[PDB]
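# Close look at the chain arrangement
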Amino acid sequence: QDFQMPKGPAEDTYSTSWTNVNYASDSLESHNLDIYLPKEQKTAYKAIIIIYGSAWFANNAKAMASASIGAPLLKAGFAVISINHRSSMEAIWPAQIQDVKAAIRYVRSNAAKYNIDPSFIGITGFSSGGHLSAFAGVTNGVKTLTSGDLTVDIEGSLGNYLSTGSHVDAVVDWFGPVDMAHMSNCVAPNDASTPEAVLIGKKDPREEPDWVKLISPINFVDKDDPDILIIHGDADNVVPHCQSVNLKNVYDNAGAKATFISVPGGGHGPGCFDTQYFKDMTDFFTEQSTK
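Residues numbered from 1 in each chain as written, not as in the entry; some residues may be left out. Heavy atoms only, no water.

- As documented in the archive entry, the model was determined using X-ray crystallography at 2.060 Å resolution.

Have a look at this one:
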């Protein structure tokens with residue numbers, strides 16, 4: 001009757017909540033995040049960072065990501081930290097990834113204050129958030145990436161915790177676009193009308209091999225990189241299934257560890273956010289948290 005779309009995780013799934021905390025020591029809402037500790041109270045919680053999907057367009061949707069995936073993470077026993085990032089329309093790449101990295105230095109540096117054990121900081125996201133999650137899980141320890149004559153600052157200088165590591169320990173990628181060389185028909189780059197074109201500054205990806213390489217985490221997968229779980233629906237009409245197939249193939253051929261879960265009849269979210277696959281995520285994140 002009076003209806004309210006779910007805003008953040010349900011109230012009974014957490015004991016403690018800090019909302020609209022800035023992680024960049026500035027005044028931008030694109031640089032805020034929210035933190036939730038489980039109901040089952042403990043001395044410390046290992047942490048999972050989450051990122052909304054939005055074709056990189058949104059800068060204010062951390063409550064959607066919380067509402068979608070936060071409850072199973074809280075019930076599994078992890079602190080859940082949901083972040084904002086800047087819109088592709090207000091800062092082109094690498095801005096989004098510098099935001100994620102800054103958010104990570106924030107969580108790790110201040111873990112104690114939030115009763116976070118920084119022993120483990122996993123990361124997850126859906127769609128473009130899954131992209132950003134994955135881009136972090138293949139760039140632990142990297143401050144710039146260069147392709148041809150193009151150089152991008154991945155770590156950035158955002159905020160006041162630059163000495164703290166900006167690394168993540170495990171990744172769950174929910175149907176993210178991770179191979180932009182093959183987004184069109186799964187064989188080619190898209191044209192300049194698409195969200196990756198805006199991400200690289202309204203250039204035609206078909207003309208920009210270097211930009212396309214440096215927004216595509218599939219290009220940096222290494223044997224030693226943190227393990228990853230990839231979940232994609234085989235009827236996804238927005239980001240094609242082939243993306244996740246490719247990412248898994250690359251993890252497999254580089255000597256790294258990827259699990260790929262394909263969701264039959266799964267849309268771009270629909271059918272994928274079932275108990276079954278939330279469990280795949282929480283089981284994964286638990287095994288990683290303990291190993």
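## Considerations on the pairing of strand β10 (residues 258-263)
- Bridge count for strand β9 (residues 228-233) against β10 is 6 bridges, and the pairing is parallel. When the bridges of β10 are listed, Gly233 appears paired with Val263.
- Note that the unit made of β9, helix α6 (residues 242-253) and β10 has a crossover that is right-handed. (Pairing = 2+ DSSP bridges. Helix = DSSP H or I, 4+ residues; strand = E, 2+ residues; numbered from the N terminus. Right-handed = clockwise from strand over helix to strand, strands pointing away.)

## Focus: the sheet that holds strand β8 (residues 171-174)
- Read across the open sheet, the 8 strands follow the order β1-β2-β4-β3-β5-β8-β9-β10; overall the sheet is mixed. Here the strands that pair on one side only, and so sit at the sheet edges, are β1 (14-22) and β10. Direction aside, neighbouring strands of the sheet carry axes that sit 15° apart on average.
- Contacting β3 (45-51), β5 (116-126) and β8, helix α3 (residues 128-137) crosses the sheet at an angle of about 135° to β5. (Axes fitted to C-alpha atoms, helices over the stretch in contact; angles between N-to-C directions. Contact = heavy atoms within 4.5 Å.)

## Some details on the pattern of salt bridges
- For the structure on display, the rule yields 9 salt bridges.
- We note a salt bridge from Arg86 to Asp99, for which the minimum N-O separation is 2.7 Å. Separated by 13 residues along the polypeptide, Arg86 in the loop between β4 (79-83) and α2 (95-109) and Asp99 in helix α2 bring together distant segments of the chain. Per residue, the accessibility class of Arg86 equals that of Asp99, and both read buried. (Salt bridge = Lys/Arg side-chain N within 4 Å of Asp/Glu carboxyl O. Buried < 20%, exposed > 50% of the residue type's maximum accessible area, 1.4 Å probe, protein only.)

## Digging into unusual backbone geometry
- In this structure, the amide linkage connecting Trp93 to the following residue, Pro94, adopts the cis form with an omega of 10°.
- Even without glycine at this site, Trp56 takes up a positive phi of about 65°.
- You can see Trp56 is positioned in the loop between β3 and α1 (62-76).
- Of the residues examined, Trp56 reaches a relative accessible area of 3% and is grouped as buried.
- You will see that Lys202, though not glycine, has its phi angle at about 60°, which is positive.
- Overall, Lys202 belongs to the exposed group, its relative accessible area being 71%.

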